[PDB]
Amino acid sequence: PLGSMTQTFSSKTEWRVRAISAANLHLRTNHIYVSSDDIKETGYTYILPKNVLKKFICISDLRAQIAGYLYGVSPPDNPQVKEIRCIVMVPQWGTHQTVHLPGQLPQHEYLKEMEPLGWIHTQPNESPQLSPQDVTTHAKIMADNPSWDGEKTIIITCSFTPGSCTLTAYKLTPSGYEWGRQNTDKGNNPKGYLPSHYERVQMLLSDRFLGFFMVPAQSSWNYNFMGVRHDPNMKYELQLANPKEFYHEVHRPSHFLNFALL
């Protein structure tokens, strides 16, 4: 029946609860874990420093994936171990399944003597299998950039487990690179996607050395609130500085200016 009632609608936006939840991400850096032996020995041991790993966790979002390019070298006489020495944040936006990085790779003088070791990204849920989107994205980067060798570049996923963070690092197989560079299906079960397309590598966290960050020279890296101005063909340059948190003021200018408009 009604005609008996008045109830006016209220607004509740997507980022309010996610921003409040992003402020408590520092408690997960005290509990970081890496998967261990499950026929994972590759021929390359990757060592990730904790300082840039903890910072990469707190500047992230628990649902929107963020990514960072890996750079590093090898110890004096041990070509089998790769020390990750730098993480580069580039203009990006993403969802819960993949990220959207520009076509251009990081290019700077500081990284000229280092070799690219792949990329690292956060994942909402822990997965026993490598993401098929990660298989597709990693292979398409190999196709456009011969700098990335299939036996030297890896995909490190930072899984958001309750109370902690689980790390696991995969690499692509020759069969995975050929299927990834052709894949146009973005679903969770694309066709041709096999567990044969990837194998897991070993990863070790260390405190004996420290890494550094490189962020865009002008604007910042987070574009999830400015996705219109993000373009796959966009060009960018880097600087030697640390990245800002996901919900920093400079990442969402429309929230601050539209509220000020009368």
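Take the two forms, superpose them, and find the largest set of C-alpha atoms that agree within 1.5 Å; that set is the rigid core. Numbering starts at 1 and runs along the sequence shown.
Engineer: If the other structures are each fit on the rigid core, which stretch ends up farther away in C-alpha terms in 6 other deposited structures of this protein, 9 to 17 or 237 to 245?
Structural biologist: Comparing 237 to 245 with 9 to 17, the one that moves more in 6 other deposited structures of this protein is 9 to 17.
Engineer: Name the stretch that deviates more in 6 other deposited structures of this protein: 34 to 42, or 198 to 206? Use RMS CA distance to the shown form, core superposed.
Structural biologist: When 34 to 42 and 198 to 206 are compared in 6 other deposited structures of this protein, 34 to 42 lies farther out.
Engineer: Which is higher in the entry, the mean Cα B factor of 195 to 203 or that of 37 to 45?
Structural biologist: The stretch with the larger average C-alpha B-factor is 37 to 45.
Engineer: Look over 238 to 246 and 11 to 19 in the entry and identify the one with the greater average Cα temperature factor.
Structural biologist: Mean CA B-factor is higher for 11 to 19.
Engineer: According to the deposited entry, which of 176, 116, 124, 187 has the largest Cα B-factor?
Structural biologist: Highest C-alpha B-factor among the listed options: 187.
Engineer: Between 75, 91, 72, 146, where does the Cα B-factor run highest in the record?
Structural biologist: Comparing C-alpha B-factors across 75, 91, 72, 146, the top value belongs to 75.
Engineer: Consider only the C-alpha atoms of the modelled residues in this chain, order them by B-factor as the entry records it, and name the third containing residue 102: lowest, middle or highest.
Structural biologist: Residue 102: CA B-factor falls in the lowest third of its chain.
Engineer: Per the entry's values, where does residue 229 land by CA temperature factor relative to the rest of its chain, in the lowest, middle or highest third?
Structural biologist: It falls in the top third of the chain.
Engineer: Using the B-factors in the PDB entry, rank residue 153's C-alpha atom against the chain and give the third, lowest, middle or highest.
Structural biologist: Lowest third.
Engineer: Can you tell me whether residue 64 has a C-alpha B-factor in the lowest, middle or highest third compared with the other modelled residues of the same chain?
Structural biologist: As the PDB entry reports it, the C-alpha B-factor of residue 64 lands in the middle third of its chain.
Engineer: Check where residue 220 lands among this chain's C-alpha B-factors and tell me if it's the lowest, middle or highest third.
Structural biologist: Answer is lowest: the recorded C-alpha B-factor places it there.
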